[PDB]
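Peer 1: Provided below: target_7.cif, containing mmCIF, N, CA and C atoms.
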```
data_coords
loop_
_atom_site.group_PDB
_atom_site.id
_atom_site.type_symbol
_atom_site.label_atom_id
_atom_site.label_comp_id
_atom_site.auth_asym_id
_atom_site.auth_seq_id
_atom_site.Cartn_x
_atom_site.Cartn_y
_atom_site.Cartn_z
ATOM 1 N N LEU A 1348 24.359 -3.041 28.171
ATOM 2 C CA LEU A 1348 24.189 -4.482 28.024
ATOM 3 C C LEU A 1348 23.031 -4.983 28.866
ATOM 4 N N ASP A 1349 22.892 -4.455 30.080
ATOM 5 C CA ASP A 1349 21.701 -4.746 30.865
ATOM 6 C C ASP A 1349 20.483 -4.027 30.294
ATOM 7 N N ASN A 1350 20.707 -2.947 29.539
ATOM 8 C CA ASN A 1350 19.589 -2.206 28.967
ATOM 9 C C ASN A 1350 19.001 -2.933 27.768
ATOM 10 N N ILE A 1351 19.852 -3.373 26.840
ATOM 11 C CA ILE A 1351 19.339 -4.003 25.628
ATOM 12 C C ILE A 1351 18.929 -5.439 25.901
ATOM 13 N N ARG A 1352 19.335 -5.979 27.050
ATOM 14 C CA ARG A 1352 18.800 -7.254 27.511
ATOM 15 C C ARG A 1352 17.299 -7.162 27.738
ATOM 16 N N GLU A 1353 16.834 -6.025 28.255
ATOM 17 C CA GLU A 1353 15.402 -5.807 28.383
ATOM 18 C C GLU A 1353 14.765 -5.626 27.015
ATOM 19 N N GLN A 1354 15.500 -5.030 26.079
ATOM 20 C CA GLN A 1354 14.931 -4.756 24.769
ATOM 21 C C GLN A 1354 14.801 -6.023 23.945
ATOM 22 N N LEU A 1355 15.646 -7.015 24.221
ATOM 23 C CA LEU A 1355 15.577 -8.269 23.480
ATOM 24 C C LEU A 1355 14.304 -9.030 23.810
ATOM 25 N N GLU A 1356 13.840 -8.928 25.055
ATOM 26 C CA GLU A 1356 12.552 -9.512 25.407
ATOM 27 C C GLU A 1356 11.414 -8.712 24.790
ATOM 28 N N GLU A 1357 11.608 -7.399 24.647
ATOM 29 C CA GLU A 1357 10.576 -6.554 24.057
ATOM 30 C C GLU A 1357 10.384 -6.871 22.585
ATOM 31 N N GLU A 1358 11.481 -7.065 21.858
ATOM 32 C CA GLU A 1358 11.371 -7.458 20.462
ATOM 33 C C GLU A 1358 10.856 -8.883 20.342
ATOM 34 N N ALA A 1359 11.151 -9.720 21.335
ATOM 35 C CA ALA A 1359 10.619 -11.075 21.376
ATOM 36 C C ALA A 1359 9.117 -11.031 21.595
ATOM 37 N N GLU A 1360 8.676 -10.183 22.524
ATOM 38 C CA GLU A 1360 7.244 -9.979 22.689
ATOM 39 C C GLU A 1360 6.685 -9.238 21.489
ATOM 40 N N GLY A 1361 7.496 -8.370 20.885
ATOM 41 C CA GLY A 1361 7.101 -7.763 19.629
ATOM 42 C C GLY A 1361 7.050 -8.771 18.498
ATOM 43 N N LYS A 1362 7.860 -9.826 18.592
ATOM 44 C CA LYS A 1362 7.772 -10.901 17.616
ATOM 45 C C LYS A 1362 6.541 -11.753 17.862
ATOM 46 N N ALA A 1363 6.313 -12.125 19.126
ATOM 47 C CA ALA A 1363 5.440 -13.250 19.452
ATOM 48 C C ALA A 1363 3.979 -12.951 19.147
ATOM 49 N N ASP A 1364 3.545 -11.712 19.380
ATOM 50 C CA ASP A 1364 2.157 -11.380 19.084
ATOM 51 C C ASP A 1364 1.933 -11.281 17.581
ATOM 52 N N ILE A 1365 2.924 -10.791 16.845
ATOM 53 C CA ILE A 1365 2.673 -10.457 15.455
ATOM 54 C C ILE A 1365 2.856 -11.690 14.581
ATOM 55 N N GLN A 1366 3.571 -12.698 15.080
ATOM 56 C CA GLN A 1366 3.561 -13.976 14.379
ATOM 57 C C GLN A 1366 2.272 -14.715 14.679
ATOM 58 N N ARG A 1367 1.719 -14.494 15.866
ATOM 59 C CA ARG A 1367 0.470 -15.146 16.211
ATOM 60 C C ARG A 1367 -0.705 -14.373 15.631
ATOM 61 N N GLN A 1368 -0.490 -13.101 15.292
ATOM 62 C CA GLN A 1368 -1.552 -12.325 14.662
ATOM 63 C C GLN A 1368 -1.789 -12.787 13.233
ATOM 64 N N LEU A 1369 -0.720 -13.128 12.517
ATOM 65 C CA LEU A 1369 -0.875 -13.553 11.135
ATOM 66 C C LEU A 1369 -1.513 -14.929 11.051
ATOM 67 N N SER A 1370 -1.219 -15.797 12.020
ATOM 68 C CA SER A 1370 -1.699 -17.176 11.969
ATOM 69 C C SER A 1370 -3.208 -17.237 12.134
ATOM 70 N N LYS A 1371 -3.783 -16.255 12.823
ATOM 71 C CA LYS A 1371 -5.230 -16.120 12.814
ATOM 72 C C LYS A 1371 -5.691 -15.462 11.526
ATOM 73 N N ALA A 1372 -4.942 -14.474 11.047
ATOM 74 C CA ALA A 1372 -5.393 -13.725 9.885
ATOM 75 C C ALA A 1372 -5.260 -14.548 8.619
ATOM 76 N N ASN A 1373 -4.086 -15.140 8.395
ATOM 77 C CA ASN A 1373 -3.839 -15.824 7.131
ATOM 78 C C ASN A 1373 -4.653 -17.102 7.030
ATOM 79 N N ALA A 1374 -5.066 -17.651 8.166
ATOM 80 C CA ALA A 1374 -6.024 -18.745 8.137
ATOM 81 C C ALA A 1374 -7.376 -18.265 7.628
ATOM 82 N N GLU A 1375 -7.906 -17.240 8.290
ATOM 83 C CA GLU A 1375 -9.225 -16.709 7.957
ATOM 84 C C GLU A 1375 -9.414 -16.073 6.583
ATOM 85 N N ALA A 1376 -8.487 -15.228 6.141
ATOM 86 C CA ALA A 1376 -8.660 -14.610 4.831
ATOM 87 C C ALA A 1376 -8.565 -15.617 3.688
ATOM 88 N N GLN A 1377 -7.532 -16.453 3.739
ATOM 89 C CA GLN A 1377 -7.316 -17.447 2.700
ATOM 90 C C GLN A 1377 -8.456 -18.444 2.699
ATOM 91 N N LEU A 1378 -8.851 -18.857 3.895
ATOM 92 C CA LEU A 1378 -9.926 -19.819 4.028
ATOM 93 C C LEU A 1378 -11.209 -19.233 3.477
ATOM 94 N N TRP A 1379 -11.479 -17.969 3.785
ATOM 95 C CA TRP A 1379 -12.703 -17.349 3.301
ATOM 96 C C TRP A 1379 -12.695 -17.297 1.785
ATOM 97 N N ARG A 1380 -11.554 -16.925 1.214
ATOM 98 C CA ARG A 1380 -11.469 -16.824 -0.234
ATOM 99 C C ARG A 1380 -11.716 -18.178 -0.877
ATOM 100 N N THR A 1381 -11.124 -19.219 -0.305
ATOM 101 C CA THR A 1381 -11.304 -20.560 -0.840
ATOM 102 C C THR A 1381 -12.741 -21.057 -0.720
ATOM 103 N N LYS A 1382 -13.360 -20.776 0.423
ATOM 104 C CA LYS A 1382 -14.708 -21.249 0.713
ATOM 105 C C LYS A 1382 -15.887 -20.299 0.505
ATOM 106 N N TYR A 1383 -15.660 -19.043 0.137
ATOM 107 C CA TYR A 1383 -16.834 -18.195 -0.041
ATOM 108 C C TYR A 1383 -16.944 -17.689 -1.472
ATOM 109 N N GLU A 1384 -15.869 -17.792 -2.247
ATOM 110 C CA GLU A 1384 -15.982 -17.431 -3.652
ATOM 111 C C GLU A 1384 -16.163 -18.662 -4.523
ATOM 112 N N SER A 1385 -15.910 -19.846 -3.966
ATOM 113 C CA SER A 1385 -16.344 -21.067 -4.632
ATOM 114 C C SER A 1385 -17.860 -21.157 -4.628
ATOM 115 N N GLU A 1386 -18.488 -20.797 -3.511
ATOM 116 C CA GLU A 1386 -19.943 -20.713 -3.497
ATOM 117 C C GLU A 1386 -20.428 -19.460 -4.203
ATOM 118 N N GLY A 1387 -19.673 -18.370 -4.096
ATOM 119 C CA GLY A 1387 -20.246 -17.059 -4.367
ATOM 120 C C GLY A 1387 -20.537 -16.812 -5.832
ATOM 121 N N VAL A 1388 -19.492 -16.696 -6.646
ATOM 122 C CA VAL A 1388 -19.720 -16.302 -8.028
ATOM 123 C C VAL A 1388 -20.114 -17.513 -8.859
ATOM 124 N N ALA A 1389 -19.785 -18.717 -8.388
ATOM 125 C CA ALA A 1389 -20.078 -19.903 -9.179
ATOM 126 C C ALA A 1389 -21.553 -20.255 -9.107
ATOM 127 N N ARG A 1390 -22.152 -20.133 -7.926
ATOM 128 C CA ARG A 1390 -23.603 -20.251 -7.857
ATOM 129 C C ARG A 1390 -24.258 -19.051 -8.522
ATOM 130 N N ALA A 1391 -23.591 -17.901 -8.491
ATOM 131 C CA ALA A 1391 -24.058 -16.766 -9.271
ATOM 132 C C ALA A 1391 -23.882 -17.019 -10.757
ATOM 133 N N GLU A 1392 -22.920 -17.861 -11.117
ATOM 134 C CA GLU A 1392 -22.776 -18.212 -12.520
ATOM 135 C C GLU A 1392 -23.910 -19.114 -12.970
ATOM 136 N N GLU A 1393 -24.231 -20.134 -12.180
ATOM 137 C CA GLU A 1393 -25.173 -21.134 -12.666
ATOM 138 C C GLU A 1393 -26.607 -20.651 -12.539
ATOM 139 N N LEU A 1394 -26.900 -19.839 -11.524
ATOM 140 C CA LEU A 1394 -28.272 -19.395 -11.340
ATOM 141 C C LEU A 1394 -28.662 -18.403 -12.416
ATOM 142 N N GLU A 1395 -27.707 -17.588 -12.856
ATOM 143 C CA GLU A 1395 -27.953 -16.756 -14.023
ATOM 144 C C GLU A 1395 -28.106 -17.622 -15.259
ATOM 145 N N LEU B 1348 29.191 -7.521 22.588
ATOM 146 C CA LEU B 1348 28.178 -6.480 22.677
ATOM 147 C C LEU B 1348 28.001 -5.803 21.334
ATOM 148 N N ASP B 1349 29.068 -5.717 20.546
ATOM 149 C CA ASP B 1349 28.904 -5.221 19.189
ATOM 150 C C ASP B 1349 28.260 -6.275 18.300
ATOM 151 N N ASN B 1350 28.479 -7.558 18.601
ATOM 152 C CA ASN B 1350 27.891 -8.612 17.780
ATOM 153 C C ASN B 1350 26.385 -8.688 17.968
ATOM 154 N N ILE B 1351 25.900 -8.411 19.175
ATOM 155 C CA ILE B 1351 24.462 -8.502 19.383
ATOM 156 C C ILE B 1351 23.772 -7.209 18.973
ATOM 157 N N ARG B 1352 24.530 -6.239 18.455
ATOM 158 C CA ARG B 1352 23.899 -5.094 17.809
ATOM 159 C C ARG B 1352 23.199 -5.521 16.530
ATOM 160 N N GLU B 1353 23.897 -6.265 15.667
ATOM 161 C CA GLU B 1353 23.233 -6.746 14.467
ATOM 162 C C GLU B 1353 22.203 -7.815 14.787
ATOM 163 N N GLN B 1354 22.391 -8.570 15.871
ATOM 164 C CA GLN B 1354 21.381 -9.538 16.277
ATOM 165 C C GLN B 1354 20.122 -8.831 16.744
ATOM 166 N N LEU B 1355 20.261 -7.597 17.224
ATOM 167 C CA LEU B 1355 19.083 -6.766 17.391
ATOM 168 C C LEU B 1355 18.540 -6.319 16.044
ATOM 169 N N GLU B 1356 19.348 -5.601 15.258
ATOM 170 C CA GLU B 1356 18.770 -4.768 14.205
ATOM 171 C C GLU B 1356 18.380 -5.586 12.981
ATOM 172 N N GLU B 1357 19.136 -6.644 12.670
ATOM 173 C CA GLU B 1357 18.781 -7.455 11.510
ATOM 174 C C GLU B 1357 17.529 -8.268 11.790
ATOM 175 N N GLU B 1358 17.366 -8.717 13.031
ATOM 176 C CA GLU B 1358 16.089 -9.290 13.418
ATOM 177 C C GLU B 1358 15.029 -8.202 13.512
ATOM 178 N N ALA B 1359 15.429 -6.989 13.899
ATOM 179 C CA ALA B 1359 14.496 -5.869 13.869
ATOM 180 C C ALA B 1359 14.154 -5.496 12.436
ATOM 181 N N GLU B 1360 15.118 -5.634 11.526
ATOM 182 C CA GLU B 1360 14.806 -5.525 10.107
ATOM 183 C C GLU B 1360 13.936 -6.695 9.672
ATOM 184 N N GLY B 1361 14.185 -7.872 10.246
ATOM 185 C CA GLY B 1361 13.359 -9.026 9.934
ATOM 186 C C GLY B 1361 11.937 -8.871 10.437
ATOM 187 N N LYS B 1362 11.791 -8.373 11.666
ATOM 188 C CA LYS B 1362 10.465 -8.149 12.224
ATOM 189 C C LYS B 1362 9.748 -7.019 11.501
ATOM 190 N N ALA B 1363 10.488 -5.999 11.071
ATOM 191 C CA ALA B 1363 9.860 -4.910 10.331
ATOM 192 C C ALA B 1363 9.470 -5.358 8.931
ATOM 193 N N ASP B 1364 10.183 -6.337 8.378
ATOM 194 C CA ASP B 1364 9.801 -6.816 7.056
ATOM 195 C C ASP B 1364 8.962 -8.083 7.144
ATOM 196 N N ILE B 1365 9.575 -9.183 7.588
ATOM 197 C CA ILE B 1365 9.037 -10.513 7.298
ATOM 198 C C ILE B 1365 7.823 -10.792 8.175
ATOM 199 N N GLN B 1366 7.721 -10.092 9.292
ATOM 200 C CA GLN B 1366 6.513 -10.218 10.084
ATOM 201 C C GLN B 1366 5.531 -9.099 9.771
ATOM 202 N N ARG B 1367 6.031 -7.901 9.469
ATOM 203 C CA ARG B 1367 5.116 -6.769 9.377
ATOM 204 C C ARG B 1367 4.543 -6.611 7.981
ATOM 205 N N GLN B 1368 5.399 -6.538 6.959
ATOM 206 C CA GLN B 1368 4.864 -6.246 5.635
ATOM 207 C C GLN B 1368 4.190 -7.473 5.036
ATOM 208 N N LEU B 1369 4.590 -8.671 5.469
ATOM 209 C CA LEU B 1369 3.931 -9.878 4.993
ATOM 210 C C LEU B 1369 2.562 -10.022 5.632
ATOM 211 N N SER B 1370 2.367 -9.405 6.794
ATOM 212 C CA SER B 1370 1.039 -9.353 7.379
ATOM 213 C C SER B 1370 0.128 -8.449 6.574
ATOM 214 N N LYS B 1371 0.632 -7.289 6.158
ATOM 215 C CA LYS B 1371 -0.241 -6.306 5.529
ATOM 216 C C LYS B 1371 -0.597 -6.706 4.106
ATOM 217 N N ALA B 1372 0.230 -7.545 3.478
ATOM 218 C CA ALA B 1372 -0.146 -8.124 2.193
ATOM 219 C C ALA B 1372 -1.211 -9.196 2.367
ATOM 220 N N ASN B 1373 -1.620 -9.398 3.625
ATOM 221 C CA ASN B 1373 -2.747 -10.282 3.965
ATOM 222 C C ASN B 1373 -4.036 -9.467 4.247
ATOM 223 N N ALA B 1374 -3.865 -8.202 4.598
ATOM 224 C CA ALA B 1374 -5.040 -7.375 4.843
ATOM 225 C C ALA B 1374 -5.859 -7.358 3.544
ATOM 226 N N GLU B 1375 -5.148 -7.482 2.429
ATOM 227 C CA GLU B 1375 -5.770 -7.471 1.111
ATOM 228 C C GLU B 1375 -6.738 -8.635 0.933
ATOM 229 N N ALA B 1376 -6.361 -9.810 1.426
ATOM 230 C CA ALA B 1376 -7.219 -10.981 1.306
ATOM 231 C C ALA B 1376 -8.528 -10.757 2.054
ATOM 232 N N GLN B 1377 -8.433 -10.173 3.245
ATOM 233 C CA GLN B 1377 -9.618 -9.896 4.051
ATOM 234 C C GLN B 1377 -10.525 -8.900 3.334
ATOM 235 N N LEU B 1378 -9.914 -7.894 2.711
ATOM 236 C CA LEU B 1378 -10.658 -6.884 1.972
ATOM 237 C C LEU B 1378 -11.384 -7.537 0.803
ATOM 238 N N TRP B 1379 -10.703 -8.457 0.124
ATOM 239 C CA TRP B 1379 -11.297 -9.164 -1.001
ATOM 240 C C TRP B 1379 -12.489 -9.986 -0.525
ATOM 241 N N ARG B 1380 -12.337 -10.633 0.629
ATOM 242 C CA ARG B 1380 -13.417 -11.435 1.182
ATOM 243 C C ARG B 1380 -14.618 -10.551 1.496
ATOM 244 N N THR B 1381 -14.364 -9.372 2.060
ATOM 245 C CA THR B 1381 -15.458 -8.457 2.378
ATOM 246 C C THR B 1381 -16.156 -7.997 1.101
ATOM 247 N N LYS B 1382 -15.362 -7.728 0.070
ATOM 248 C CA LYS B 1382 -15.886 -7.282 -1.216
ATOM 249 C C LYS B 1382 -16.766 -8.352 -1.845
ATOM 250 N N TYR B 1383 -16.336 -9.605 -1.734
ATOM 251 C CA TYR B 1383 -17.094 -10.719 -2.293
ATOM 252 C C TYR B 1383 -18.412 -10.809 -1.601
ATOM 253 N N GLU B 1384 -18.441 -10.823 -0.270
ATOM 254 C CA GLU B 1384 -19.759 -11.009 0.318
ATOM 255 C C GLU B 1384 -20.654 -9.826 0.108
ATOM 256 N N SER B 1385 -20.073 -8.666 0.350
ATOM 257 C CA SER B 1385 -20.849 -7.451 0.313
ATOM 258 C C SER B 1385 -21.478 -7.164 -1.024
ATOM 259 N N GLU B 1386 -20.816 -7.502 -2.137
ATOM 260 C CA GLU B 1386 -21.504 -7.142 -3.369
ATOM 261 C C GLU B 1386 -22.058 -8.355 -4.036
ATOM 262 N N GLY B 1387 -21.354 -9.445 -3.856
ATOM 263 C CA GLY B 1387 -21.713 -10.667 -4.514
ATOM 264 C C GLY B 1387 -22.941 -11.336 -4.018
ATOM 265 N N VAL B 1388 -23.087 -11.320 -2.713
ATOM 266 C CA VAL B 1388 -24.157 -12.143 -2.164
ATOM 267 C C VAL B 1388 -25.449 -11.346 -2.096
ATOM 268 N N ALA B 1389 -25.340 -10.017 -2.059
ATOM 269 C CA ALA B 1389 -26.517 -9.172 -2.236
ATOM 270 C C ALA B 1389 -27.142 -9.387 -3.606
ATOM 271 N N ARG B 1390 -26.322 -9.581 -4.628
ATOM 272 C CA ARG B 1390 -26.838 -10.081 -5.890
ATOM 273 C C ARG B 1390 -27.337 -11.507 -5.763
ATOM 274 N N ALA B 1391 -26.635 -12.331 -4.987
ATOM 275 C CA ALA B 1391 -26.986 -13.742 -4.911
ATOM 276 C C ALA B 1391 -28.210 -13.969 -4.041
ATOM 277 N N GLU B 1392 -28.625 -12.964 -3.276
ATOM 278 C CA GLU B 1392 -29.960 -13.057 -2.698
ATOM 279 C C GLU B 1392 -30.982 -12.427 -3.627
ATOM 280 N N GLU B 1393 -30.589 -11.379 -4.353
ATOM 281 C CA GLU B 1393 -31.545 -10.696 -5.214
ATOM 282 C C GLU B 1393 -31.863 -11.535 -6.437
ATOM 283 N N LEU B 1394 -30.854 -12.182 -7.014
ATOM 284 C CA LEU B 1394 -31.122 -13.052 -8.146
ATOM 285 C C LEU B 1394 -31.766 -14.347 -7.694
ATOM 286 N N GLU B 1395 -31.631 -14.683 -6.416
ATOM 287 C CA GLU B 1395 -32.414 -15.783 -5.882
ATOM 288 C C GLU B 1395 -33.878 -15.390 -5.776
#
```
Translate this file's structure into structure tokens.

Peer 2:
Amino acid sequence: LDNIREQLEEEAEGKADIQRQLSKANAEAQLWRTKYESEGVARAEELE
Amino acid sequence: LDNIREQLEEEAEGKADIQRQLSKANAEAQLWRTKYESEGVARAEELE
């Protein structure tokens, strides 16, 4: 019980970084897709 | 102490799924973004 008490903080720290890892990632990938393929293939569409 | 066994493992199942695999289905977005710039914009400078 004193042992898994330490493990609960470890999974919490295992939680905390990986929820914060996605919030940087899912912002950037989705944002890039929204803002770089609107310029990308569409200006490639019209310039052709 | 038996009750917090599932509070470990089901959250550990939650962290292994809802934090981990939902992150990796985001690696795909980043890959798509890289693919767009890398091939798309080299054309979009060349056709410019």

Peer 1: Specify as a ChimeraX atom specification all residues of chain B found within 8 Å of chain A, counting all atoms listed in the file.

Peer 2: /B:1348,1355,1358-1359,1362,1366-1367,1369-1370,1373-1380,1383-1384,1387-1388,1390-1391,1394-1395

Peer 1: Chain A least-squares fit onto chain B, all C-alpha atoms in order: RMSD in Å?

Peer 2: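 Per the least-squares fit, the RMSD is 2.0 Å.
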
Peer 1: How many Å lie between atom N of residue 1364 in chain A and CA of residue 1360 in chain B, rounded to one decimal?

Peer 2: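 Distance reported for this atom pair: 15.8 Å.
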
Peer 1: One number please: atom N of residue 1389 in chain B to atom N of residue 1371 in chain B, in Å, one decimal.

Peer 2: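 Distance between the two atoms: 27.4 Å.
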
Peer 1: Take CA of residue 1349 in chain B and CA of residue 1353 in chain A and report the distance between them in Å, one decimal.

Peer 2: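 The value is 16.3 Å.
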
Peer 1: When DSSP is applied to the backbone of this structure, which of chain B are assigned alpha helix (DSSP H)? Write them out as a PyMOL selection string.

Peer 2: chain B and resi 1350-1361+1368-1382+1389-1393

Peer 1: Write out as lines of an AutoDock Vina configuration file an axis-aligned box for range 1355-1364 of chain B: all of its atoms listed in the file, 4 Å added on each side, centre and edge lengths in Å with one decimal.

Peer 2:
```
center_x = 14.6
center_y = -7.0
center_z = 12.2
size_x = 19.3
size_y = 12.5
size_z = 18.3
```
